[PDB]
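The chain below stands alone, shown as structure tokens; this is the form deposited in one PDB entry.
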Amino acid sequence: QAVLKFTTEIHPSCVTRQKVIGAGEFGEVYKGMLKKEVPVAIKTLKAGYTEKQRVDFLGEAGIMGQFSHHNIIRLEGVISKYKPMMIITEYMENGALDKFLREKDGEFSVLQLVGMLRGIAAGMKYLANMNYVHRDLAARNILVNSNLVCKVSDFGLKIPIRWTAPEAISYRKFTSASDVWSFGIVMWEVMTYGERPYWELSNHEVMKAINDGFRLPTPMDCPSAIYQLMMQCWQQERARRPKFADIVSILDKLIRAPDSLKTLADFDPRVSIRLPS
């Protein structure tokens, strides 16, 4: 019971499952309603789950209840006393950030995009300081609310190679510093409205390019300071990367002195259009 110390136990009569929207480790994820009524996402642990699955499922519920931060998905509660067991979270209206960006190409101001990134960074700083290494930080794992607030989540699946730091790929060293690398990729995803990192390079081509010193080029219309910051997230030497504390501080200062974002990094045009004279 102590694992659930930060969670609220929800009675099953409060929950209505409506539509399957995903899979858990041993069960489905549903959109549903929770009693006023509010929409929720509901992850179940169905009959037949193993001991390890139960420990991991209740452990997930417990840590999610512990997290209380504006930029982390909110746990409404847990059903642990009845079967199927359930983890119940808020339901974001705008869905996942990657799809959202791609469906809203060019619709936001630079300040709005940078504000998104500040929120993601604040959530990640909180996770890191709570001793939680995400390991799968990517725009697909971030939800967006109707105030444009980004909420770090984890929707499950092995290694998303092109979001993952070299040391995590090479020797399985996952830390908050490998999450910083991933955050740099997320910065690039946001500023490009959901372009796929490294385009059609294979996983092996990405790893070879990184090891040889190549890095993603600047997004179009990207503030110089923002490109500089994402580039420092991609230092090979893990110790040279900013901490999330540094990232949050820098993004907050840029937003609060917004003229700092008017200077743009040079975009390298991959195609040349010459209007004849």
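We call the rigid core the largest set of C-alpha positions that still match within 1.5 Å between the two forms. Start at 1 and count along the sequence shown; that's the residue number.
Separately, the form deposited in another entry exists; it is not shown, and the next lines address it.
In a core superposition between this form and the one not shown, the Cα of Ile63 is the only one among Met231, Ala209, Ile63, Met220 shifting by 2 Å or more. Core-superposed comparison between this form and the one not shown: CA of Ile87 displaced by 2 Å or more. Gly27 shows a C-alpha shift of 2 Å or greater between this form and the one not shown [criterion: core-superposed Cα displacement of 2 Å].
Once the rigid core is used as the reference frame, the Cα position of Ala177 differs between this form and the one not shown by less than 2 Å.
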